[PDB]
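Colleague: My questions will all concern the structure given below.
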Amino acid sequence: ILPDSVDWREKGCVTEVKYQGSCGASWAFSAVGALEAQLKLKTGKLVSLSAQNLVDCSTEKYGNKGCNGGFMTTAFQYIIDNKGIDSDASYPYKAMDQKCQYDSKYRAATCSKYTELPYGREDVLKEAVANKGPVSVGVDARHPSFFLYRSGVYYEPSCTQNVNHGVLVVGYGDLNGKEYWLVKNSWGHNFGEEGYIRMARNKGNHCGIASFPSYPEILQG
Ligand SMILES: O=C(CO)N1CCc2c(c(-c3ccc(C(F)(F)F)c(SCCN4CCC(F)CC4)c3)nn2C[C@@H](O)CN2CCCCC2)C1
């Protein structure tokens with residue numbers, strides 16, 4: 001049995017919406033966002049983590065291509081391997097590819113492990129969002145209705161399950177019979193609902209929302 005509604009913002013576990021700009025780094029924002037919530041849960045402090053650290057440093061060895069795209073899973077693996085990720089304040093976002101400038105002096109989080117969830121299992125995604133925290137996912141955002149979304153529960157008939165844009169599921173709910181996922185985007189505050197989009201839930205893995213979910217953990221010790 002799971003709660004009907006979850007919103008991790010209400011628990012102080014979600015940083016401000018970021019603005020990725022011309023750099024295709026949504027995969028990096030998806031990853032730091034999920035890790036930011038685990039960090040808050042563990043330490044009580046809400047700290048933006050460095051998406052730029054991932055763009056510059058979680059590169060070819062991790063199958064990623066910086067501003068040309070990447071994976072949250074291998075972003076997490078880089079953080080594990082690196083034994084750290086810097087704070088965003090110490091290593092801020094420039095929306096461009098740069099040399100890796102990681103400096104452990106400003107490490108703001110670690111990552112013990114990450115977990116991947118089954119493709120298309122929206123019931124499994126729901127349990128993880130409720131019991132673990134915000135979950136990194138990909139969505140199919142290659143539709144003008146996505147770029148032009150303003151408000152409400154987003155449903156795009158021509159959406160597919162093949163994902164191309166990283167986002168953060170920070171909750172879910174039901175608005176008078178329309179079930180939705182609460183999704184943090186990285187297109188700044190003027191996109192959608194103060195930078196968030198509520199996306200149709202339990203509608204056959206709509207827009208691939210549960211195609212590739214993953215979440216990191218920071219274990220005691
Ligand atoms: O959607 C479908 C089919 O339904 N995909 C085909 C299979 C697939 C897809 C994704 C996936 C998940 C999240 C995101 C996003 F959130 F960022 F948006 C994306 S965006 C595409 C990211 N890409 C762009 C070109 C390159 F720069 C490499 C990164 C894709 N993961 N996987 C599974 C594996 O292939 C992952 N791989 C396993 C071996 C080790 C490395 C990771 C896309």
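Letters for chains follow the order of the structure tokens (A, B, ...), residue numbers begin at 1 for each chain, and ligand numbers begin at 1 in the order shown.
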All residues within 6 Å of ligand 1 are required, counting only C-alpha atoms and all ligand atoms; please report them as a PyMOL selection string.

Modeller: chain A and resi 27+63-65+68-71+137-138+161-166+212

Colleague: For residue 106 of chain A, please output as a ChimeraX atom specification all residues within 12 Å (counting only C-alpha atoms; exclusion window: fewer than 4 positions along the same chain).

Modeller: /A:49-50,53,84-92,101-102,110

Colleague: Point out the residue among A:41, A:149, A:104, A:13 with the least atom-to-atom distance to residue 190 of chain A, counting only C-alpha atoms.

Modeller: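 Checking each of A:41, A:149, A:104, A:13 against residue 190 of chain A, counting only C-alpha atoms, the winner is A:149.
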
Colleague: My list of candidates is A:152, A:133, A:213, A:177. Which is closest to residue 35 of chain A when distances are computed with only C-alpha atoms?

Modeller: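 Among the listed residues, the smallest separation from residue 35 of chain A belongs to A:133.
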
Colleague: Give the answer as one residue: which of A:135, A:159, A:200, A:117 has the shortest atom-to-atom distance to residue 184 of chain A, using only C-alpha atoms?

Modeller: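 The closest residue to residue 184 of chain A is A:135.
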
Colleague: For residue 125 of chain A, find every residue with an atom within 12 Å (counting only C-alpha atoms), except residues of its own chain fewer than 3 positions away, and show them as an NGL selection string.

Modeller: :A and (2 or 115-122 or 128-137 or 168-172 or 181 or 201-202 or 205 or 208-215)

Colleague: Nearest residue to residue 126 of chain A out of A:62, A:19, A:180, A:196, using only C-alpha atoms?

Modeller: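 Between A:62, A:19, A:180, A:196, the residue approaching residue 126 of chain A most closely is A:180.
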
Colleague: Which of these, A:52, A:17, A:61, A:43, has the shortest distance to residue 194 of chain A once you count only C-alpha atoms?

Modeller: A:17
